[PDB]
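Here the structure comes first, spelled out in structure tokens, and everything after it is commentary.
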Amino acid sequence: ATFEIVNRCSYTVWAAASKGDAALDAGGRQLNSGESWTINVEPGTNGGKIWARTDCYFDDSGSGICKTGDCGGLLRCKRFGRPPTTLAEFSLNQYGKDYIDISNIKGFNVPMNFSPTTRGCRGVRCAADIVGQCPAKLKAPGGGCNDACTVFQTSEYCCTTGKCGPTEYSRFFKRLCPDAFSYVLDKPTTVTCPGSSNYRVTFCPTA
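One point on numbering: in mature numbering (1 follows the signal peptide of the UniProt record, and there is no 0), the residue at position 166 of the sequence shown is 166, and numbering is uninterrupted.
Pasting the structure below:
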């Protein structure tokens with residue numbers, strides 16, 4: 001499957017793509033404002049994620065650091081990124097269908113639209129100014145808006161036991177972005193697409 005990743009932000013981002021235990025395609029790449037990078041994701045990929053990283057510095061070997069979404073200091077991500085990270089999430093060719101969503105469970109750093117470029121389903125978007133409106137206690141000093149689990153490490157925010165409910169913090173993310181997961185047990189906003197659909201992830205779709 002192809003995923004065209006487009007940076008419409010006025011700032012550079014370093015896109016990342018991983019399924020947690022491996023990179024998807026090259027795993028990461030710099031996208032200056034306006035640039036597009038198309039990756040190929042193997043059919044059947046389960047639990048894949050794409051996200052933006054901000055304020056990165058990498059040496060000639062591809063090692064360094066980003067202020068949001070850093071994946072073990074690598075330009076080419078092999079693992080998931082450090083919160084806060086707005087997440088485009090997908091599982092492909094799962095009993096014949098693809099499943100996509102956007103999640104704020106690991107916080108928010110950059111607004112995004114995640115849409116199919118082929119027919120059969122709609123896209124999802126979280127493009128509100130979550131960082132600007134972020135509750136004081138969730139503001140990440142390194143940049144972005146942290147989720148409450150990251151900040152407080154409680155069973156209720158992290159849904160450790162699996163019986164958690166919505167919280168004042170999850171409701172903030174949900175109010176700003178109704179179409180993205182705000183906590184682990186949020187009413188699903190996952191979209192079912194035809195198996196083997198193709199997609200486009202756009203950072204700063206509206207601004």
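Just so it is clear, CB atoms sit at the ideal spot from N, CA and C, and this is done for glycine as well.
### Query
DSSP state of residue 5, grouped into three classes?
Along the sequence shown, read from residue 1 onward, the residue named residue 5 stands at position 5. For residue 5, the secondary structure class from DSSP, reduced to helix, strand or coil, is strand.
### Message
For a test of the three-state rule: what should DSSP assign to residue 66, helix, strand or coil?
### Response
For the purposes of this step, residue 66 is identified with residue 66 of the sequence shown, where counting begins at 1. Residue 66: strand per DSSP, three-state reduction.
### Query
Where DSSP assigns a beta bridge to residue 203, which residues make up the other side?
Locating residue 203 in the sequence shown gives position 203, where the first residue counts as 1. DSSP output for residue 203 lists 7 and 112 as bridge partner(s).
### Task
Pull up the distance between the alpha-carbon of residue 114 and that of residue 2, whole angstroms please.
Start at 1 with the first residue of the sequence shown, and residue 114 comes out as number 114. Start at 1 with the first residue of the sequence shown, and residue 2 comes out as number 2. Residue 114 and residue 2: Cα-Cα distance of roughly 13 Å.
### Where residue 94 sits in the DSSP three-state scheme
Counting from 1 along the sequence shown, the entry for residue 94 is found at position 94. Residue 94: strand per DSSP, three-state reduction.
### Query
If we ignore side chains and look at the alpha-carbon of each, how far apart do residue 104 and residue 204 end up?
Along the sequence shown, read from residue 1 onward, the residue named residue 104 stands at position 104. Along the sequence shown, read from residue 1 onward, the residue named residue 204 stands at position 204. Near 15 Å, if we compare the C-alpha coordinates of residue 204 and residue 104.
### Query
Cα separation between residue 137 and residue 96?
On the sequence shown, residue 137 is found 137 positions in, with the first residue counted as 1. On the sequence shown, residue 96 is found 96 positions in, with the first residue counted as 1. Straight across, the Cα-Cα distance linking residue 137 with residue 96 is about 43 Å.
### Query
Does the distance from the CB of residue 14 to the CB of residue 56 come in under 7 Å?
Position 14 of the sequence shown, counted from the start, is the residue given in the question as residue 14. Position 56 of the sequence shown, counted from the start, is the residue given in the question as residue 56. Against a cut-off of 7 Å, the Cβ pair of residue 56 and residue 14 comes out as a contact.
### Task
On the DSSP bridge assignment, give the partners of residue 54 in chain order.
Taking the sequence shown and counting its residues from 1, the one referred to as residue 54 is at position 54. According to DSSP, which records beta bridges pairwise, residue 54 is partnered with 68.
### Query
Helix, strand or coil: how does DSSP classify residue 174 here?
For this step, residue 174 is matched to residue 174 along the sequence shown. DSSP places residue 174 in helix when its eight states are reduced to three.
### Query
Since residue 29 sits in a beta bridge, which residues does DSSP pair it with?
Position 29 of the sequence shown, counting from 1, holds the residue named residue 29. Paired residues: 15.
#### Entry: Host beta strand (DSSP E) of residue 126 (start-end)
Reading the sequence shown from its first residue, position 126 is the one you call residue 126. Taken as a continuous stretch (DSSP letters only), the beta strand (DSSP E) holding residue 126 covers 124 to 126.
### Query
Among the residues of its own chain, which have a CB less than 8 Å from the CB of residue 28, if the five just before and after it don't count?
In the sequence shown, residue 28 corresponds to position 28, counting from 1. Within the same chain, residue 28 has close Cβ partners 14, 15, 16, 17, 53, 71, 74, 75, 76 and 77.
#### Entry: Limits of the alpha helix (DSSP H) - the one that residue 130 falls within
Residue numbering aside, residue 130 sits at position 130 when the sequence shown is read from its first letter. Start and end: 130 to 133.
### Query
If you compare alpha carbons, which of 126, 39, 32 and 9 is closest to residue 180?
For the purposes of this step, residue 180 is taken as the residue at position 180 of the sequence shown. The candidate whose alpha carbon is nearest that of residue 180 is 126.
### Message
So, for residue 166: in the same chain, excluding its five sequence neighbours on each side, which residues have a beta-carbon less than 8 Å away from its beta-carbon?
### Response
Within the sequence shown, residue 166 is the residue found at index 166, counting from 1. So the list reads 174, 182, 183 and 186, once near-sequence residues are dropped.
### Message
Between which two residues does the alpha helix (DSSP H) holding residue 155 run?
### Response
In the sequence shown, counting from the first residue as 1, residue 155 sits at position 155. Segment 155 to 158, the alpha helix (DSSP H) holding residue 155.
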